[PDB]
């Protein structure tokens, strides 16, 4: 009865008022830029597969239809010479690949995080939580721990490390940052995604899905600061507000995306029915998300759509009845960066906020007030994040 008064003082003390908001965004990529026109030539050469010209022409057509202009890749010609088993299909190469990633993943995360923290402008000691999402680079301690030390965070930073889960993680980790920020006054969350696709590099196979991956997977890292209740007394300024987060596993699609961690690396299996399956469901998912806020004209939203493959963007555009320019920002990131896993939606959100100011729009959301963020991954998981833009 007095111990319960202590608990209620703790609960009262932690309450927040406003919603979780994104306070800064920073991105970073490997230094090596690979242009899509040269990649079939580079890829088949460096894998000593120039004696497979029909397969090469098949890959060229997939790359040309991919709508990817360039990618920044961590895998270089030097790296493949020093670890040739990566170019020998199913040969053991997991040790070599992991040695390469274990230090580079936190290293690239740091570069993006520094940018986010710089824009944020607050001292590192104000960061209370760190969430690290990384497709590859599994290690104990994790990249969360490494980045905490590289950045000089407080040893009391609350850490969450999510390894090897898929492209739905952009929306998923965003939900957790929201729950953290809103349940804890003063909480300031550094949310970092680093997806290096080195584990998915294999010699070309006569497999459409593996070829699409080789054409589309790109590397990058994205960092955000997420918090509730911005302090006016300092230079904290919101970019977007996270209103509601939803997740759904599509029934009957277990086998559409599978990927196995093996001695040869990451073994991918991706059904070509993924975009249609996404397109068949997207409107009902959007409708469930935004009806509670009275939105029924889909073109009244601004869009951040995970660019898993260009077919995915087209399917969304088609089955939502979107104007041709609605997915401009998503197509841009797909074009300039490829599919960077979970980081992609945050490259897009970064692009949208910058393009809006550059074009003089009245909000961070292309002049609109409400928007939605979609991530897609195994199997099949769809993330639906409702956003509010901020005025300019």
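Residue numbers count along the first chain shown, from 1.
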Subject >> Comparing 231-239 with 276-284, the one whose average Cα B-factor in the PDB entry is higher >> reply: 231-239
Original post:
For the C-alpha atoms alone, is the average B factor greater in 253-261 or in 93-101, going by the entry?
Top reply: 93-101
**OP:** Sort 158, 88, 244, 184 by C-alpha B-factor from the entry and give me just the highest.
**Re:** 88
Original post:
With respect to the C-alpha temperature factors reported in the PDB entry, which of 205, 128, 299, 315 ranks highest?
Top reply: 205
Subject >> Record-listed C-alpha B factor of residue 200: chain third >> reply: highest
**OP:** For residue 17, return the chain-relative third of its C-alpha B-factor as stated in the PDB record: lowest, middle or highest.
**Re:** highest
Original post:
How does residue 336 rank on Cα B-factor within its chain, lowest, middle or highest third?
Top reply: middle
Original post:
Where does residue 363 sit by CA temperature factor within its chain: lowest, middle or highest third?
Top reply: middle
**OP:** Could you tell me which third, lowest, middle or highest, the C-alpha B-factor of residue 321 occupies within its chain?
**Re:** lowest
